[PDB]
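Peer 1: What follows is a structure written as C-alpha cells; I'll ask about it next.
Cβ coordinates were reconstructed from backbone atoms using ideal geometry, including for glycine residues, and neighbour counts include every protein chain displayed. Each value in this text was obtained by applying a stated rule to the coordinates, not by laboratory testing.
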Number of protein chains: 2
Amino acid sequence: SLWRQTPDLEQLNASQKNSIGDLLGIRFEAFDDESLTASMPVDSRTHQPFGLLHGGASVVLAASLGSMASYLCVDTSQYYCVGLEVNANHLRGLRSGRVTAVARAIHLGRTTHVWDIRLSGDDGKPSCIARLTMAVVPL
Amino acid sequence: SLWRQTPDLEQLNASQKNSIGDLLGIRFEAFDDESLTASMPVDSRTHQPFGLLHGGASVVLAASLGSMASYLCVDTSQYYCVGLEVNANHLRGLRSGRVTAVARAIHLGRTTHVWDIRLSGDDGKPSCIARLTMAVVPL
C-alpha cells in the first residue's frame with residue numbers, strides 16, 4: 001500500500017544498466033508492504049583508497065535506494081522526483097562482504113518525500129544511517 | 001599553510017587506482033593556499049538511470065575531495081581520518097560536461113574537521129553544496 005507501482009525487482013535491477021548503480025554492484029533484493037531493500041559489495045569498486053567502504057559508496061546506495069523508492073510512490077505519468085537534500089552518519093566502518101540498506105517512508109507529502117535509510121554489514125550491526133528528501137515535480 | 005602536507009596532484013590522482021574515485025573519473029585538478037579542487041564527468045559512469053547526475057555521484061565527489069583534504073591536514077604518522085557526518089543540497093540538475101568541486105576548511109579542530117564543498121557545472125552555476133565532518137582518530 002506504500003507502493004503505487006508494485007516493485008519489480010528484475011525491472012529495478014534491469015533499469016540500472018549503464019548507471020553508477022550497476023557500476024558499483026547495487027542490487028535490489030527485497031521489498032514488503034513498507035520497505036525496499038538493496039545491497040552493494042564492499043570491494044575495489046566501492047573502496048576509498050584505503051580498502052575501506054567509501055562514505056560516498058554507502059551514500060550512493062542510500063541515494064539510489066530512496067530515489068527509486070520515491071519513484072514507485074508517485075504518479076509517473078504526471079510527476080517525477082528530484083533529490084533535494086541528503087544527509088548521513090557513519091556509524092561503523094566496513095572491510096569486506098556486502099552492505100545492505102533498507103528504505104522506509106517517514107513522510108510522503110504532495111511536494112516532498114522524506115525517506116529513512118538504515119544500512120548494515122553482514123554481521124547486521126548498523127554501519128550508516130541516512131535521511132533523504134526528494135522533491136515531487138510536475139512533469 | 002592550510003596544508004600540512006603540500007598537495008601532490010599526480011600522487012593524489014595515482015592513489016585513486018583501484019578505487020571508486022578512478023571508477024567515476026574523479027580527477028584532482030588544482031589547489032591553492034586555502035582550497036583543493038577536483039572534477040568528475042557527468043556521464044554513464046556517474047548517471048542515475050535517467051541520464052542525469054546521480055545525487056550520489058555528486059556526493060562521492062564531495063566526499064572524496066573533503067576526505068582527501070582532511071588527510072592532507074593531519075599528522076599521518078600519528079592520526080587518520082574517518083567520515084562522521086555528511087550532508088548536501090541539490091541546487092541545479094546537470095546533463096552533460098563535468099562537475100567541478102572546491103573544498104574549503106570551515107574548522108579544523110583536534111578531533112574533528114568541517115569542510116565546505118561547493119560544486120558547479122561548466123557554466124559555473126552552483127549545482128550542489130555539501131558540508132563534510134571528519135573525525136581525527138589516533139593511529
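Peer 1: Find the Cα radius of gyration of the protein assembly as shown, compare it with 2.2 N^0.38 Å by division, and give the number to two decimals.
Peer 2: Expressed relative to 2.2 N^0.38 Å, the Cα Rg reads 0.96.
Peer 1: Sticking with this structure for a sec: If you fit an axis through the alpha-carbon atoms of helix A:55-71 and take the longest principal axis of the Cα set of chain A, what angle between them do you get, 0 to 90°, nearest 10?
Peer 2: The helix A:55-71 is inclined about 20 degrees to chain A.
Peer 1: Okay, next question. Can you pull the mean other chain C-beta count within 10 Å for peptide B:17-25?
Peer 2: 6
Peer 1: From the phi of every residue in segment A:17-30, what ³J(HN,Hα) in whole Hz does the Karplus formula 6.51 cos²θ - 1.76 cosθ + 1.60 yield, where θ is phi - 60° and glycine or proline is x?
Peer 2: Working through the residues one at a time gives 4, 6, 10, 5, x, 4, 5, 9, x, 5, 9, 6, 10, 8 Hz.
Peer 1: Then there is this: Run the label-point distances for A:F50 please: 7 Å along Cα to Cβ, every other copy, nanometres, shortest first.
Peer 2: 3.6
Peer 1: Which whole number gives the average, over all residues in B:127-139, of C-beta atoms from other chains lying within 10 Å of the residue C-beta?
Peer 2: So the per-residue partner count for this stretch is 1.
Peer 1: Whole-Hz Karplus ³J(HN,Hα) for segment B:101-114, in order, using 6.51 cos²θ - 1.76 cosθ + 1.60 and θ = phi - 60°, x for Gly and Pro?
Peer 2: Once θ is set to phi - 60°, the couplings for segment B:101-114 become 10, 10, 9, 10, 7, 8, 7, 10, x, 6, 10, 9, 10, 10 Hz.
Peer 1: Sequence-distant or interchain residues sharing an amide H contact under 5 Å with B:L36, placed H: which?
Peer 2: B:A103
Peer 1: Let me ask another. Each residue of segment B:80-90 in turn: what ³J(HN,Hα) in whole Hz from Karplus with 6.51, -1.76, 1.60 and θ = phi - 60°, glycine and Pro shown as x?
Peer 2: Whole-Hz 3J(HN,Hα) from phi for segment B:80-90: 9, 10, 10, x, 9, 9, 9, 9, 7, 10, 6.
Peer 1: With r defined as the distance between the Cβ atoms of A:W3 and B:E85 and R0 fixed at 30 Å, what FRET efficiency is calculated, to the nearest 0.05?
Peer 2: The calculated FRET efficiency here is 0.45.
Peer 1: Taking each residue in B:75-86, count the Cβ atoms of any other chain within 10 Å of its Cβ, then average. What number comes out? Working shown, then result.
Peer 2: Numbers: counts 0, 0, 0, 0, 0, 1, 1, 5, 13, 5, 5, 10.
Mean partner-chain Cβ count within 10 Å for B:75-86: 3.
Peer 1: Here's something else I'd like to know. As a test of the formula, what do you get for chain A when each DSSP H run with n ≥ 4 contributes -39,500 (n - 2.57) and the sum is divided by the residue count, at 222 nm and rounded to the nearest 500 deg cm²/dmol?
Peer 2: Estimated from H runs of four or more residues: -6000 deg cm²/dmol.
Peer 1: A further question on this structure: Report the GluC sites (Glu not before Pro) located in segment B:1-45 that are in a DSSP loop and have at most 16 other Cβ atoms inside 10 Å of their Cβ, or state none.
Peer 2: Filter output for segment B:1-45: B:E34.
Peer 1: What residues have an amide H closer than 5 Å to that of A:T112, excluding those fewer than 5 places away on the same chain, when H is modeled at 1.01 Å from N in the peptide plane?
Peer 2: Here the answer is A:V136, since their amide H atoms fall under 5 Å of that of A:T112.
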